[PDB]
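Chemist: The structure under discussion is supplied below as structure tokens; questions concerning it will follow.
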Amino acid sequence: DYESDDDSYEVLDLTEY
Amino acid sequence: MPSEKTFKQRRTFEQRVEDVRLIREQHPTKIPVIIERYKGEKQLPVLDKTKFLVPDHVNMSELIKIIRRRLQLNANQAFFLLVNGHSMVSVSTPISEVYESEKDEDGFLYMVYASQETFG
């Protein structure tokens, strides 16, 4: 997880297909 | 940002332009979007998502579904995403087309969110 913060982030917090 | 106070306490306008520059460089397949609760009626909870990076091929209806679930809003609880301040809750469109339609001055898209589109 990461969600909303900084730089290399996965902000939608999911792996797309 | 989700554990801290309201989004401006984390990042300002020009620093969001730096976010657009960094994200367009590293992952251009994802779309830069900002999200904020409606200031006129703070009825929905302080689950402050602040922004999201949406894959080009996600539908606006699918974005609504993940964001409604991340805000913990059950089917009986009223919810709306207001793109550039106006509702698109019923629309099936891919997020890139919604983006190029409503993209603001420095390459980001805005979504205000609310329990109702206006109140005061």
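The residues of chain A that appear here are 10-26 by Swiss-Prot count, in order.
If you're wondering, the header gives solution NMR.
Positions of Cβ are set from backbone N, Cα and C atoms, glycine also.
These came from Swiss-Prot, pasted as-is:
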type: MOD_RES; residues: A:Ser13; note: phosphoserine
type: MOD_RES; residues: A:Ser17; note: phosphoserine
type: MOD_RES; residues: A:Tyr18; note: phosphotyrosine
type: MOTIF; residues: A:18-21; note: motif 'YXXL'
Chemist: Using all protein chains in view, find how many other C-beta atoms are within 10 Å of the C-beta of A:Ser17 (phosphoserine).
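Modeler: Its Cβ shell of radius 10 Å holds 9 other Cβ atoms.
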Chemist: Given the modified residues A:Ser13, A:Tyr18, and counting only Cβ atoms in the protein chains shown, which has the most within 10 Å of its Cβ?
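Modeler: Answer returned by the neighbour count: A:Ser13.
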